[PDB]
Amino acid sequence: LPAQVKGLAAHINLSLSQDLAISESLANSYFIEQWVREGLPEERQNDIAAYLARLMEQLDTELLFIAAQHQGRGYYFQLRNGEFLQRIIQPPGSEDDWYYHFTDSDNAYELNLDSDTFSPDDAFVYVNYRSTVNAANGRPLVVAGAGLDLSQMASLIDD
């Protein structure tokens, strides 16, 4: 664990004051939790996307994501470039191993450099923040946050 790679990782952590605060409020959102408690009804996805789009106006991130527990399964949603994308989280051993590794930890949040699951040729530093509320299976009810490219992270280093 060389000193220069601790400093880079530590320096990035200290830089993201606003993205971390919003990721925590999104993961713990009462509005999002209501939607999850209702069974993730498709009819309200436009409201969820508009809620996330409002947050992205405040932030300077490439994407916002929600990973919600429903009936024992994980449902992954993402707002990116105005499009609301969704898919089901896959079993362990597949491209969604980020979700099981984070939720198995005791960390309230983590910064994860990973390839994207909708566009694998893209990569981001994801702010994975867990909700305080857990589902019946022990997984967090909601894992949510932002995806940051290098340009946005470089602007946070300056500030």
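Residues carry their position along the shown sequence, with the first being 1.
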{"item": "Greater mean Cα temperature factor according to the PDB record, 136-144 or 11-19", "value": "11-19"}
{"item": "Of 102-110 and 63-71, the stretch whose C-alpha atoms average the higher B-factor in the entry", "value": "102-110"}
{"item": "Lowest, middle or highest third - CA B-factor, residue 46", "value": "middle"}
{"item": "Among modelled residues of the same chain, the CA temperature factor third for residue 95", "value": "highest"}
{"item": "Chain-wide C-alpha B factor ranking for residue 121, given as lowest, middle or highest third", "value": "highest"}
{"item": "Third of the chain's Cα B-factor distribution that residue 29 belongs to, per the entry", "value": "lowest"}
{"item": "Chain thirds of CA B-factor: placement of residue 58", "value": "highest"}
